[PDB]
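**Q** Sharing a structure, written as structure tokens. Questions coming.
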Amino acid sequence: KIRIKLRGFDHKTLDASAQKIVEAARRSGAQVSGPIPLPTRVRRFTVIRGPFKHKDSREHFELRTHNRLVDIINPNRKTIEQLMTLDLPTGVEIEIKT
Amino acid sequence: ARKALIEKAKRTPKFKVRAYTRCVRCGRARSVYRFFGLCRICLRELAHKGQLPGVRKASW
Amino acid sequence: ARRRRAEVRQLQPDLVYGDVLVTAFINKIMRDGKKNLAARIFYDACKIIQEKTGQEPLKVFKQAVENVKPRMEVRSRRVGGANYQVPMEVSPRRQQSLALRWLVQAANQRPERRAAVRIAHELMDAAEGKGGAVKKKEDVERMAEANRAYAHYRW
Amino acid sequence: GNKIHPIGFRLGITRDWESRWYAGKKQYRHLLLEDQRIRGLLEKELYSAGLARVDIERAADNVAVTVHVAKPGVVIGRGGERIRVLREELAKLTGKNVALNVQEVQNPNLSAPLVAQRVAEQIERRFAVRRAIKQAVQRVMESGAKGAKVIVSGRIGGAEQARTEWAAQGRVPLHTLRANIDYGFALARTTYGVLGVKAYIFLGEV
Amino acid sequence: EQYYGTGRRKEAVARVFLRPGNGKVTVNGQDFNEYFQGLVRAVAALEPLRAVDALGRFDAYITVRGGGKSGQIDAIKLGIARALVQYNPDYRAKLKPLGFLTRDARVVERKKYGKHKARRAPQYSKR
Amino acid sequence: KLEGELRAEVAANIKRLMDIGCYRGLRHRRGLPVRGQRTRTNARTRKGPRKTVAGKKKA
Amino acid sequence: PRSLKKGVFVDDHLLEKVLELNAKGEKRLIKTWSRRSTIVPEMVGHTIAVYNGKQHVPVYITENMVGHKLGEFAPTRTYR
Amino acid sequence: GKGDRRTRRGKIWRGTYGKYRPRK
RNA sequence: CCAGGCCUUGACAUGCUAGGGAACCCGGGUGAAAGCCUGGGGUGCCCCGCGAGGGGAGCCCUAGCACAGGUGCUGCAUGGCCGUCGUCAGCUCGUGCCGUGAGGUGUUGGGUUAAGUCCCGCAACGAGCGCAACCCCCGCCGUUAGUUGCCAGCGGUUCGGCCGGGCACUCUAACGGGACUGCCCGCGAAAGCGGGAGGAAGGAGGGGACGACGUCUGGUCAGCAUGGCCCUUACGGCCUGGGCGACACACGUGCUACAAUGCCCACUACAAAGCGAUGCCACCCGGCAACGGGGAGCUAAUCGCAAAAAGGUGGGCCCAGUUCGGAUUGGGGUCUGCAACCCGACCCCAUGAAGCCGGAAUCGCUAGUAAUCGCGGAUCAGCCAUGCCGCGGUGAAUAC
Ligand SMILES: [Zn+2]
């Protein structure tokens, strides 16, 4: 019962990374629940355009922190081989709690 | 932003109520965002260059 | 409206009677989009008609409207650097619009306390050819042929 | 003013972030401050090297700063002496033990940031504004480029009334969100004032 | 046996279930009328049934999540429609003329900045 | 305490700080706000009718 | 209707400075900016000079004006 | 009744709770 | 910014010449703080001939110096960025042709479009910047994905989807489909227009983001940067207290209300989108209460903020300046925080003002709009926010 969470900024970077974990997992593991989105949390930013004073300007900025999950029940030492050190993405964070 | 107040506001004060924020970059203090630590001008100037990851342009 | 005549909004008939004339009327009572209330007002206002009048409120309603639609009105016009009141034949669209609007603007002026009542009563005195909903009618037309001195311009 | 920094508008379809990583809430603000610190040395010491971009991949404790140079035979130094320094002078700041990769610039004429600069230096050397611009544009056109463009802030040749020099070839659809137009900005400091150079370079399609 | 349809409206979903029966509506285990008490246009929900003289032939096990009670109405209404095709597809013949298989983006419009709502611009006095 | 006696306690209570160089007191003498409001605009409740004065041209 | 919960506040600047005036009896003039402080019964009768924006107005303290603060006795705004 | 800080809607407006709008 | 007290290679950089000291830490006096004075323990890394000790790097003070510093003027000296005409539909170029030439033509005319959008025509044919399009949200549907979702179908209940069990639906989110006037009728030389149909959706399906060449010598040297002049024992630096909140008035943006289509109290039902570590705080308890004591859960689709409000049922009010309205003032508390006098919000009792729908005049808004109702966040100890930026609930009128 290895709970795998994948939080990232680029949904392409996660999608792939979540695929990379999904592929070599059915190869040496057992029955996988697949990748699941959450939610996804955004951080809006309502700033004014001009540095001067024109309240009516304002540029909108966002920051989506996507969330992914891949569960793996019936954990074998074999499975933990392929998924030991076989990563590739750079703007992705993972945390496992089993 | 006078050097006298940037470097100043950094020193640990005798009362924690006194500690205010400034932009790490511009030195502005009228309105900096905690999440990044920059003035509303600086937030922009960077977001554009793309120097603040995951920081896109909103649209809905 | 500058490019086209602009299509008129078709409404949903009533759940009770089914006459769209109903829907129009309520809409006019509705304030702050409380259409659930505005509806009750009309309804209980109909119940007052059954208890005080031996007739079907649906028909009553109609005869009331029918009787307030003014068929003559005035329309301001700057003819030669002056405000000449120019009487003119009123269209079916505007009639309907004016009636309901007056039925309510007059209604709320009644000395009565409850709103459902105030409306109920205006719908009655209306048919009989009185009240004030019909007074704002005769007052208009009383301006029509009043300055019919000017009916020789546009239309 | 009108317009909207072309780049900031494109990080969505095509054009990535100048520093791509991930962070929490407690670390983001801190991380970034340290990041900006980095460029505050690279820009200073790597001036003449023909700097272009500063990719930054973060990770656990590990970090990687890829630096794009026009002239790597400079950053590197003699056999590997300067790059050695730049790493130590680097760890002196960041207690993170980070690598520093270096990628030669395939044709500095197609790199908007650089292009802009090219003009800049030329303006400090008291060069001819109008001409400096035109040549600039052709340089981009001859090699590849589907569109070039250079602008200037004001006080062309130190006049008393700042003006704007317009100049370009090909296309530069700052409205077509599928362009991939690099945009550079210089900042020449002259005896009479500051003047702002701007590049714009159109490249490809879908 | 089971006739689902799916009915979404103004950020609200309604699970539509038509089982053949006496003719009653259960929404979230509650008596229909006990839920929609005071709602004038409530009756609107049943319009699509009374459309094909099919009043009282089916039951109504309906759920709902999101939106507003005075929007939950139109919500069910559409739903009931979609399941009805399942039973008899030849039904559109009287349904669509009444336009019950339509869905309009009547959604609440994004609030623009500088303004005070969707359009509502702030007032100016001496210009 | 009610009418016969309250209207007294308050009346005198006001004089309390009045008799002393109490800030709050002064505000009572001037007939301005006491609890801390602004005196540039909306304070017509403590002053009452508006006392319109002259100004000066700009056109 | 103002309040300072449980624990009346007075600045130790003059508190322990005023109590050293009771060992001897009475004094004449005191000068301390701290106006932040509430007036204690133990200060009554003293002649404290509190700072304005520029001046130092002396304030004589009475039994009936103990429930207040020093600042309440220093007008800052010059008017009329 | 949006300024009467001692009524139902009164607290609702200021967003406070007291003797007129409790926590249940 | 003002007052008063204090500081000068100075709160910050790089460095230089002379003399003294590891850095460092821990006291006391005077004091409003800063500052000034004073005192102690404390003696490292280098390199050298063993030692003693000598020179040195970093670090500190002292005296002098280069310089730091200046929100000090100048946005008609400037960058950058923004406002604006104007999301308007224009602005132009090559080559060709017209004209001595300035210039013209193209871009125009007739039709059409939301549009220099497209048709027809014509000494022009193209092209660039702009329109549109590519990109995001919303509406239908598909695939991939199942700790959200459900007797949808079965087994048990503390009958709470609680448990199993199951992914179907709701959802969640990443990819893809789908409308193109394609079809039918009529009008038209074409472009296109009107109407209909099938469709979740129509003729740009709703909304975004997106602003041409230039205009105003627009705004901004107080965000940043920067030419130039101006101050450098001060035009600088620390601090304490005051001020930015001042009031005879005047105008702008708004908030609350004048009430019965309503106010109050009670019971009851639908929302979305956001935020949360010393932070959100379930829950128990003390108190009228703000709050406090206690203490679980959450690292957050699985915990919390939370109650949505309007609505719905019951009942109270009876047209009153009132159970309308909540200003001002008295009183007593809570909390934040070094500190709430100047100048904080909140609770509670009392007080209960103006105000009974607004002069001349003036604003917004063409549909899920307006109107109305609540919710969230940024900033932030707290908060003077009735503001701003988003969220959804309900839900018009009207356009000759
Ligand atoms: Zn900044």
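Convention: chains lettered A, B, ... in structure tokens order; per-chain residue numbering from 1; ligands numbered from 1 as shown.
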Could you list, as a PDB file with N, CA and C atoms (P, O5', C5', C4', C3', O3' and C1' of nucleotides), in the first residue's frame, all the residues within 10 Å of ligand 1, counting only C-alpha atoms (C1' of nucleotides) and all ligand atoms?
**A**
```pdb
ATOM      1  N   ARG B  22       9.428  44.513   3.128  1.00  0.00           N
ATOM      2  CA  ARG B  22       9.952  45.316   2.044  1.00  0.00           C
ATOM      3  C   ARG B  22      10.191  44.325   0.930  1.00  0.00           C
ATOM      4  N   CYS B  23      10.318  44.831  -0.286  1.00  0.00           N
ATOM      5  CA  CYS B  23      10.579  43.934  -1.387  1.00  0.00           C
ATOM      6  C   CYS B  23      12.044  43.637  -1.383  1.00  0.00           C
ATOM      7  N   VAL B  24      12.353  42.355  -1.437  1.00  0.00           N
ATOM      8  CA  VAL B  24      13.730  41.927  -1.451  1.00  0.00           C
ATOM      9  C   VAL B  24      14.497  42.581  -2.611  1.00  0.00           C
ATOM     10  N   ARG B  25      13.799  42.806  -3.719  1.00  0.00           N
ATOM     11  CA  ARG B  25      14.385  43.394  -4.912  1.00  0.00           C
ATOM     12  C   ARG B  25      14.371  44.920  -4.978  1.00  0.00           C
ATOM     13  N   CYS B  26      13.171  45.474  -5.213  1.00  0.00           N
ATOM     14  CA  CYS B  26      12.952  46.927  -5.357  1.00  0.00           C
ATOM     15  C   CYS B  26      13.152  47.790  -4.101  1.00  0.00           C
ATOM     16  N   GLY B  27      12.837  47.247  -2.932  1.00  0.00           N
ATOM     17  CA  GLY B  27      12.990  48.013  -1.714  1.00  0.00           C
ATOM     18  C   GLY B  27      11.682  48.659  -1.318  1.00  0.00           C
ATOM     19  N   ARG B  28      10.715  48.589  -2.234  1.00  0.00           N
ATOM     20  CA  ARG B  28       9.379  49.128  -2.017  1.00  0.00           C
ATOM     21  C   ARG B  28       8.850  48.471  -0.735  1.00  0.00           C
ATOM     22  N   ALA B  29       7.839  49.088  -0.154  1.00  0.00           N
ATOM     23  CA  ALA B  29       7.283  48.558   1.058  1.00  0.00           C
ATOM     24  C   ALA B  29       5.826  48.860   1.147  1.00  0.00           C
ATOM     25  N   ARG B  30       5.304  49.611   0.180  1.00  0.00           N
ATOM     26  CA  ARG B  30       3.897  49.975   0.188  1.00  0.00           C
ATOM     27  C   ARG B  30       3.023  48.748   0.024  1.00  0.00           C
ATOM     28  N   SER B  31       3.451  47.815  -0.826  1.00  0.00           N
ATOM     29  CA  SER B  31       2.664  46.615  -0.970  1.00  0.00           C
ATOM     30  C   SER B  31       3.288  45.354  -1.537  1.00  0.00           C
ATOM     31  N   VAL B  32       4.092  44.681  -0.705  1.00  0.00           N
ATOM     32  CA  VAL B  32       4.747  43.430  -1.103  1.00  0.00           C
ATOM     33  C   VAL B  32       3.932  42.161  -0.760  1.00  0.00           C
ATOM     34  N   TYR B  33       4.050  41.147  -1.609  1.00  0.00           N
ATOM     35  CA  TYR B  33       3.321  39.895  -1.425  1.00  0.00           C
ATOM     36  C   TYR B  33       4.141  38.954  -0.614  1.00  0.00           C
ATOM     37  N   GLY B  37       7.536  37.740  -1.917  1.00  0.00           N
ATOM     38  CA  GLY B  37       8.416  38.675  -1.211  1.00  0.00           C
ATOM     39  C   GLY B  37       8.848  39.894  -2.012  1.00  0.00           C
ATOM     40  N   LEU B  38       8.007  40.258  -2.982  1.00  0.00           N
ATOM     41  CA  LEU B  38       8.278  41.360  -3.894  1.00  0.00           C
ATOM     42  C   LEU B  38       7.125  42.365  -4.039  1.00  0.00           C
ATOM     43  N   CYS B  39       7.471  43.597  -4.429  1.00  0.00           N
ATOM     44  CA  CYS B  39       6.489  44.664  -4.625  1.00  0.00           C
ATOM     45  C   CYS B  39       5.555  44.355  -5.774  1.00  0.00           C
ATOM     46  N   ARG B  40       4.344  44.892  -5.747  1.00  0.00           N
ATOM     47  CA  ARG B  40       3.421  44.605  -6.836  1.00  0.00           C
ATOM     48  C   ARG B  40       4.005  44.973  -8.211  1.00  0.00           C
ATOM     49  N   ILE B  41       5.003  45.848  -8.237  1.00  0.00           N
ATOM     50  CA  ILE B  41       5.626  46.191  -9.498  1.00  0.00           C
ATOM     51  C   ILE B  41       6.566  45.034  -9.805  1.00  0.00           C
ATOM     52  N   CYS B  42       7.426  44.716  -8.839  1.00  0.00           N
ATOM     53  CA  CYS B  42       8.378  43.648  -9.057  1.00  0.00           C
ATOM     54  C   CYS B  42       7.782  42.309  -9.402  1.00  0.00           C
ATOM     55  N   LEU B  43       6.603  42.017  -8.858  1.00  0.00           N
ATOM     56  CA  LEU B  43       5.945  40.752  -9.137  1.00  0.00           C
ATOM     57  C   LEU B  43       5.777  40.647 -10.636  1.00  0.00           C
ATOM     58  N   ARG B  44       5.212  41.707 -11.200  1.00  0.00           N
ATOM     59  CA  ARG B  44       4.953  41.816 -12.626  1.00  0.00           C
ATOM     60  C   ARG B  44       6.220  41.649 -13.429  1.00  0.00           C
ATOM     61  N   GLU B  45       7.120  42.608 -13.248  1.00  0.00           N
ATOM     62  CA  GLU B  45       8.376  42.638 -13.964  1.00  0.00           C
ATOM     63  C   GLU B  45       9.060  41.303 -14.080  1.00  0.00           C
ATOM     64  N   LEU B  46       8.793  40.437 -13.122  1.00  0.00           N
ATOM     65  CA  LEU B  46       9.428  39.146 -13.161  1.00  0.00           C
ATOM     66  C   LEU B  46       8.540  38.125 -13.813  1.00  0.00           C
TER      67      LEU B  46
ATOM     68  P     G I 223       7.527  56.320  -7.226  1.00  0.00           P
ATOM     69  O5'   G I 223       8.701  55.554  -6.451  1.00  0.00           O
ATOM     70  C5'   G I 223       8.417  54.746  -5.322  1.00  0.00           C
ATOM     71  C4'   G I 223       9.007  53.359  -5.467  1.00  0.00           C
ATOM     72  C3'   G I 223      10.412  53.295  -6.010  1.00  0.00           C
ATOM     73  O3'   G I 223      11.383  53.664  -5.060  1.00  0.00           O
ATOM     74  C1'   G I 223       9.117  51.590  -7.007  1.00  0.00           C
ATOM     75  P     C I 224      12.798  54.205  -5.585  1.00  0.00           P
ATOM     76  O5'   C I 224      13.215  53.139  -6.697  1.00  0.00           O
ATOM     77  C5'   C I 224      13.555  51.821  -6.290  1.00  0.00           C
ATOM     78  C4'   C I 224      13.962  50.973  -7.461  1.00  0.00           C
ATOM     79  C3'   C I 224      15.009  51.546  -8.398  1.00  0.00           C
ATOM     80  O3'   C I 224      16.320  51.345  -7.873  1.00  0.00           O
ATOM     81  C1'   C I 224      13.195  50.676  -9.648  1.00  0.00           C
TER      82        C I 224
END
```
**Q** List the neighbours of residue 59 in chain A out to 12 Å using only C-alpha atoms (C1' of nucleotides); skip same-chain residues closer than 3 positions along the sequence, and give me the result as a ChimeraX atom specification.
**A** /A:44-51,54-56,62 /B:40-41,43-45,47-48,56-59 /D:4,8-9 /E:112-114 /I:82,209,389
**Q** For chain I versus chain H, which residues have an atom no more than 9 Å away, and what is each residue's nearest atom pair and distance in Å rounded to one decimal, using only C-alpha atoms (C1' of nucleotides), chain-then-number order, as a tab-separated table?
**A**
```
residue	atom	partner	partner_atom	distance
I:256	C1'	H:3	CA	6.2
I:257	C1'	H:1	CA	8.5
I:263	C1'	H:1	CA	7.8
I:264	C1'	H:7	CA	8.4
I:288	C1'	H:19	CA	6.4
I:289	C1'	H:18	CA	5.5
I:290	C1'	H:18	CA	6.7
I:307	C1'	H:23	CA	8.7
I:325	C1'	H:1	CA	7.8
I:326	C1'	H:4	CA	5.2
I:346	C1'	H:16	CA	7.7
I:347	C1'	H:18	CA	6.5
I:348	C1'	H:19	CA	8.1
```
**Q** Let me see the file: selected residues, C-alpha atoms (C1' of nucleotides), as a PDB file, in the first residue's frame.
**A**
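Below you can see selection.pdb, which holds the result:
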```
ATOM      1  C1'   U I 256     -26.995  52.495   6.096  1.00  0.00           C
ATOM      2  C1'   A I 257     -32.080  53.973   5.806  1.00  0.00           C
ATOM      3  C1'   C I 263     -38.785  44.576  10.359  1.00  0.00           C
ATOM      4  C1'   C I 264     -38.101  40.650  14.432  1.00  0.00           C
ATOM      5  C1'   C I 288     -25.654  37.184  28.535  1.00  0.00           C
ATOM      6  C1'   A I 289     -21.464  37.818  25.485  1.00  0.00           C
ATOM      7  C1'   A I 290     -16.791  39.406  22.775  1.00  0.00           C
ATOM      8  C1'   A I 307     -23.484  30.029   8.999  1.00  0.00           C
ATOM      9  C1'   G I 325     -33.366  53.873  11.310  1.00  0.00           C
ATOM     10  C1'   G I 326     -29.124  52.920  13.943  1.00  0.00           C
ATOM     11  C1'   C I 346     -15.374  43.506  19.200  1.00  0.00           C
ATOM     12  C1'   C I 347     -19.248  42.392  23.200  1.00  0.00           C
ATOM     13  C1'   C I 348     -23.082  43.860  26.418  1.00  0.00           C
TER      14        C I 348
END
```
**Q** If you run DSSP over the backbone, which residues in chain G end up alpha helix (DSSP H)? Put them as JSON, numbers by chain.
**A** {"G": [12, 13, 14, 15, 16, 17, 18]}
**Q** Using the chain letters and numbers from this document, which residues of chain G does DSSP assign to strand (DSSP E or B), as an MDAnalysis selection string?
**A** chainID G and resid 30:31 38 47:51 56:60 69
**Q** So that I have them on file, write out the residues from the current selection with C-alpha atoms, as an mmCIF file, in the first residue's frame.
**A**
```cif
data_model
loop_
_atom_site.group_PDB
_atom_site.id
_atom_site.type_symbol
_atom_site.label_atom_id
_atom_site.label_comp_id
_atom_site.auth_asym_id
_atom_site.auth_seq_id
_atom_site.Cartn_x
_atom_site.Cartn_y
_atom_site.Cartn_z
ATOM 1 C CA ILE G 30 8.783 65.455 36.544
ATOM 2 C CA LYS G 31 9.439 65.025 32.841
ATOM 3 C CA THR G 38 -2.708 54.857 33.008
ATOM 4 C CA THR G 47 3.168 67.410 39.235
ATOM 5 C CA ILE G 48 4.144 65.470 36.095
ATOM 6 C CA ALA G 49 5.165 67.242 32.902
ATOM 7 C CA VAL G 50 4.039 65.346 29.799
ATOM 8 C CA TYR G 51 5.333 66.011 26.266
ATOM 9 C CA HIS G 56 6.123 69.759 27.972
ATOM 10 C CA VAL G 57 2.778 70.599 29.675
ATOM 11 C CA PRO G 58 2.853 70.090 33.435
ATOM 12 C CA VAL G 59 -0.104 68.131 34.755
ATOM 13 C CA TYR G 60 -1.339 68.318 38.372
ATOM 14 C CA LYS G 69 -4.269 58.465 31.189
#
```
**Q** Could you tell me how far CA of residue 37 in chain G lies from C1' of residue 331 in chain I, in Å and to one decimal?
**A**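 That distance, rounded to one decimal, is 22.0 Å.
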**Q** Figure out the distance between CA of residue 120 in chain D and CA of residue 188 in chain D, please, to one decimal in Å.
**A**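 Atom-to-atom, CA of residue 188 in chain D and CA of residue 120 in chain D are spaced 5.1 Å apart.
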**Q** With a distance threshold of 6 Å and counting only C-alpha atoms (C1' of nucleotides), extract the residues of chain A near chain I and express them as a PDB file with C-alpha atoms, in the first residue's frame.
**A**
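Saved the output as out29.pdb:
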```
ATOM      1  CA  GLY A  34      -3.772   4.568 -11.951  1.00  0.00           C
ATOM      2  CA  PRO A  35      -3.133   8.327 -11.800  1.00  0.00           C
ATOM      3  CA  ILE A  36      -5.846  10.572 -10.362  1.00  0.00           C
ATOM      4  CA  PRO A  37      -6.137  14.401 -10.376  1.00  0.00           C
ATOM      5  CA  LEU A  38      -7.440  16.031  -7.253  1.00  0.00           C
ATOM      6  CA  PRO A  39      -8.500  19.149  -7.392  1.00  0.00           C
ATOM      7  CA  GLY A  50       1.345  50.769 -14.215  1.00  0.00           C
ATOM      8  CA  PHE A  52       2.016  54.876 -11.031  1.00  0.00           C
TER       9      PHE A  52
END
```
**Q** Near range 72-79 of chain A, counting only C-alpha atoms (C1' of nucleotides), which residues have an atom at most 8 Å away, once you skip same-chain residues fewer than 4 positions from it, shown as a compact mmCIF listing (two decimals) with C-alpha atoms, in the first residue's frame?
**A**
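New file result-v5.txt:
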```txt
# COMPACT_ATOMS: atom_id res chain seq x y z
CA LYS A 1 0.00 0.00 0.00
CA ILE A 2 2.44 2.65 -1.30
CA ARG A 3 0.63 6.00 -1.45
CA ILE A 4 2.19 8.21 -4.10
CA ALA A 24 7.32 0.12 -14.89
CA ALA A 25 4.84 -0.53 -12.08
CA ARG A 27 5.83 -4.57 -15.26
CA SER A 28 7.05 -5.69 -11.81
CA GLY A 29 4.23 -4.82 -9.44
CA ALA A 30 0.57 -5.67 -9.09
CA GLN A 31 -2.83 -4.15 -9.74
CA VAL A 32 -2.41 -0.33 -10.01
CA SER A 33 -5.21 2.23 -9.37
CA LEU A 83 10.68 2.69 -9.25
```
**Q** Within 10 Å of residue 89 in chain I, counting only C-alpha atoms (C1' of nucleotides), which residues qualify if same-chain residues fewer than 4 places away don't, as a list in words?
**A**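 Skipping anything fewer than 4 positions along the chain leaves residues 115, 116, 130, 131 and 212 of chain I.
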**Q** Generate a file of the selected residues that holds N, CA, C and O atoms (P, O5', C5', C4', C3', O3' and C1' of nucleotides), formatted as a PDB file, in the first residue's frame.
**A**
```
ATOM      1  P     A I 115     -18.965  46.459 -39.203  1.00  0.00           P
ATOM      2  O5'   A I 115     -17.442  46.523 -39.665  1.00  0.00           O
ATOM      3  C5'   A I 115     -16.556  47.424 -39.022  1.00  0.00           C
ATOM      4  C4'   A I 115     -15.145  46.875 -39.003  1.00  0.00           C
ATOM      5  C3'   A I 115     -14.534  46.465 -40.328  1.00  0.00           C
ATOM      6  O3'   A I 115     -13.986  47.655 -40.900  1.00  0.00           O
ATOM      7  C1'   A I 115     -14.078  44.832 -38.639  1.00  0.00           C
ATOM      8  P     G I 116     -14.568  48.231 -42.287  1.00  0.00           P
ATOM      9  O5'   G I 116     -13.222  48.302 -43.160  1.00  0.00           O
ATOM     10  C5'   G I 116     -12.831  47.233 -44.024  1.00  0.00           C
ATOM     11  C4'   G I 116     -11.313  47.083 -44.098  1.00  0.00           C
ATOM     12  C3'   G I 116     -10.509  46.544 -42.919  1.00  0.00           C
ATOM     13  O3'   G I 116     -10.449  45.155 -43.253  1.00  0.00           O
ATOM     14  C1'   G I 116      -9.249  47.937 -44.402  1.00  0.00           C
ATOM     15  P     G I 130       0.788  43.365 -35.183  1.00  0.00           P
ATOM     16  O5'   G I 130      -0.498  44.220 -35.619  1.00  0.00           O
ATOM     17  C5'   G I 130      -1.149  45.082 -34.679  1.00  0.00           C
ATOM     18  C4'   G I 130      -2.558  45.485 -35.109  1.00  0.00           C
ATOM     19  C3'   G I 130      -3.764  44.553 -35.087  1.00  0.00           C
ATOM     20  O3'   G I 130      -4.287  44.191 -33.797  1.00  0.00           O
ATOM     21  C1'   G I 130      -3.949  46.022 -36.916  1.00  0.00           C
ATOM     22  P     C I 131      -5.525  43.105 -33.664  1.00  0.00           P
ATOM     23  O5'   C I 131      -6.427  43.302 -34.962  1.00  0.00           O
ATOM     24  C5'   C I 131      -7.546  44.190 -34.925  1.00  0.00           C
ATOM     25  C4'   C I 131      -8.761  43.580 -35.609  1.00  0.00           C
ATOM     26  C3'   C I 131      -9.010  42.108 -35.309  1.00  0.00           C
ATOM     27  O3'   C I 131      -9.762  41.923 -34.104  1.00  0.00           O
ATOM     28  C1'   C I 131      -9.066  42.480 -37.651  1.00  0.00           C
ATOM     29  P     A I 212      -1.138  49.520 -29.592  1.00  0.00           P
ATOM     30  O5'   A I 212      -1.499  49.056 -31.077  1.00  0.00           O
ATOM     31  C5'   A I 212      -0.884  47.890 -31.602  1.00  0.00           C
ATOM     32  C4'   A I 212      -0.490  48.098 -33.036  1.00  0.00           C
ATOM     33  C3'   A I 212       0.253  49.383 -33.347  1.00  0.00           C
ATOM     34  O3'   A I 212       1.656  49.077 -33.386  1.00  0.00           O
ATOM     35  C1'   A I 212      -1.655  49.112 -34.754  1.00  0.00           C
TER      36        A I 212
END
```
**Q** Can you list, as a PDB file with C-alpha atoms (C1' of nucleotides), in the first residue's frame, every protein, DNA or RNA residue that comes within 8 Å of range 2-4 of chain B when you count only C-alpha atoms (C1' of nucleotides), leaving out same-chain residues fewer than 5 positions away?
**A**
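Saved the output as around_0.pdb:
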```pdb
ATOM      1  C1'   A I  11      22.677  52.243   9.360  1.00  0.00           C
ATOM      2  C1'   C I  12      24.962  50.065   4.033  1.00  0.00           C
ATOM      3  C1'   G I  69      24.164  58.290   2.109  1.00  0.00           C
ATOM      4  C1'   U I  71      11.911  59.964  -0.809  1.00  0.00           C
ATOM      5  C1'   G I 237      22.019  58.561  10.286  1.00  0.00           C
TER       6        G I 237
END
```
**Q** Hey, what's within 12 Å of range 39-42 of chain D if we count only C-alpha atoms (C1' of nucleotides) and toss same-chain stuff fewer than 6 positions away? As a VMD selection string, please?
**A** (chain B and resid 25 51) or (chain D and resid 18 to 19 32 to 33 48 to 56 65 to 69 75 83 86 to 87 89 to 90 92 to 93 100)
